[PDB]
Each structure stands twice: as C-alpha cells, then as structure tokens.
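Asks: Sequence first, structure after, both from an experimental entry:
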Amino acid sequence: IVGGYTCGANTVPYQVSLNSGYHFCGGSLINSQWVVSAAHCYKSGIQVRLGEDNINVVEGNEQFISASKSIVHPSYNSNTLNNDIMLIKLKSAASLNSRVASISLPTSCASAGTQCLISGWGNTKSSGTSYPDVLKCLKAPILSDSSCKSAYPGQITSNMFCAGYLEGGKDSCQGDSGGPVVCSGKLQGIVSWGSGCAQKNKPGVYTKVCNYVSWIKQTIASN
Ligand SMILES: [Ca+2]
C-alpha cells in the first residue's frame, strides 16, 4: 500500500497472508475453512497465515494452516486478468476469535463513490522498493465506470472495478495482490492489477466479487 496508514494490530481480522516460505499475496477469510484470493496468486505449497500483524515476528495471535486444495475460476484468463479469483481450502478449520474473523460476501454490488478499506503488506513507495513488516491500510472510493475505462481503454470488463484516486499518491501495490477491498461491511473487491502504483490517472483495478457469489457458494458447498 502506497499513501496509507498503519492499520493497527488485528484491526483487520479477516486479512490473510499467503506464504510459500515468504509472503507473496494477501487473502480474505470467508469462513473457518475457506479463503478467497486472486487467481494470479496461484502457486503450489501454500500456507495460510491468519491473525498476523508483523509477518516477521511471532507475536502470539497467529494461526498457520496449510492449504488442502486450490480452485482457480473456470474462466480465468492470465493474459487479461479477467476473472481473477481463486478459492483456497484450509487443511484444518481456523479458530475464530477477536483477531481472526471472517468477512461477509456481498448481497449486491456497490455503487461508485462508496468508501472502501483496502489492506496489505505490499510495497509502500510509488517509485522504488520498500516492504513493510506490519499491515498497511487505505481508505479509497470506488470510481466511476467511465473513469476506470478511460484510464485503461479496451482492458476493463464487467468483472472489474477501479478504486482509488485519479490524482495518484494513494494505491495498492506489488504484494497487496489477492487482498481484501471491504465496503459497507462486505467483501466487494480483490486486489488485482494496475499500471504501476499510486501514479496519476492510473487507479488500482479490482476483481468485482459481487459477480461471483453464486460460484463461491456452490463451489464451497461441493468441496
Ligand atoms: Ca506475526
């Protein structure tokens, strides 16, 4: 996250770290057995790390659970990043507490101008490299249709939205991928892509979770 703030310990109890010997992506706990992330975050050998704040120290509240299976969306296109969503089933159920909570799935899509919370352990500079050890947060609006597609002509689908600031300075970045965008209590987004970070006229692009609820429910019920 660029231009954000230090969330504060376990203030985002649904935020997950995906680890393969190191942190590589974020995720969202949707129930004691399932995590949602981005399909471009697919790897083998995933361990899901819950209740984190400092990903470089063992601070007590953490639960480290291996993935038993991963399911990338049937129509994921790695070239376009259309349908950038994946489900990750935990080997063993997580214990839900004050530091580890699930996030609700949307009942409807959010409108432009809605205030969201975006969080992650990604790079905090728009120019150069600086990776935080602690969770970073960002308050950002959902941008209009037109503003999103004007920035990225011919690249935006129905399954995407933009959020952030046209003036730049505030955005998600490398390492935030697969992490949550929570608006009015619901998981509306997944950190997907963008043209660099916190650059002018290039907002972040997010997977539009409200299009996928049916798929998520049927899939989780059958697996
Ligand atoms: Ca820790």
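Replies: Arrived safely, thanks for sending. Numbering: from 1, shown residues only.

Asks: residues in this protein within reach of the ion, list them.
Replies: 52, 54, 59 (CB under 5 Å from the ion). (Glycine included, C-beta is placed from N, CA and C.)

Asks: Who wins on neighbours among those?
Replies: Neighbour counts for these peak at residue 52, which has 27 neighbours (criterion: other CB atoms under 10 Å).

Asks: ok, that residue touching residue 60?
Replies: No: when contacts are counted by CB atoms under 8 Å, residue 52 is not listed as touching residue 60 (10.9 Å).

Asks: Name all residues that make contact with residue 72.
Replies: Residues in contact with residue 72, defined by CB atoms under 8 Å, 6 or more residues apart in numbering, are 39, 42, 85, 86.

Asks: Leaving out chain neighbours, which residue sits closest to residue 62?
Replies: residue 51 (4.9 Å; CB to CB, 6 or more residues apart in numbering).

Asks: you'd agree residue 172 is up against residue 118?
Replies: Yes: between residue 172 and residue 118 there is a contact under CB under 8 Å: 5.6 Å.

Asks: which one of these two has more residues nearby?
Replies: residue 172 (34 against 27).

Asks: which among the residues of the chain next to the ion gets closest to residue 206?
Replies: Checking those against residue 206 by CB to CB gives residue 52 as the nearest, at 21.7 Å.

Asks: do you know how far that closest one is from residue 164?
Replies: Relative to residue 164, residue 52 is positioned 24 Å away (CB to CB, to the nearest Å).

Asks: try residue 206
Replies: For residue 206 relative to residue 164 (CB to CB), the value is 9 Å.

Asks: now do residue 89
Replies: In terms of CB to CB, residue 89 sits 31 Å off from residue 164.

Asks: Same drill for these two, tell me which one is more crowded.
Replies: residue 164 (28 against 16).

Asks: buried stuff in whichever helix in the chain runs longest?
Replies: Counting by DSSP state H, the longest helix found in the chain is helix 213-222. For helix 213-222, burial by neighbour count (16 or more other CB atoms under 10 Å) applies to 215, 216, 219, 220.

Asks: How about residues contacting it?
Replies: Helix 213-222 is contacted from outside by 30, 31, 33, 34, 36, 71, 73, 87, 105, 106, using CB under 8 Å, 6+ apart.

Asks: repeat for stretch 191-200
Replies: Counting by CB under 8 Å, 6+ apart, 2-3, 26, 38, 40, 81, 84, 118, 120, 123, 125-126, 151-152, 160, 166-174, 176-181, 202-207 sit against stretch 191-200.

Asks: Now which of these would you call buried?
Replies: 2-3, 26, 38, 40, 81, 84, 118, 120, 123, 126, 151-152, 160, 168, 170-173, 176-181, 202-207.
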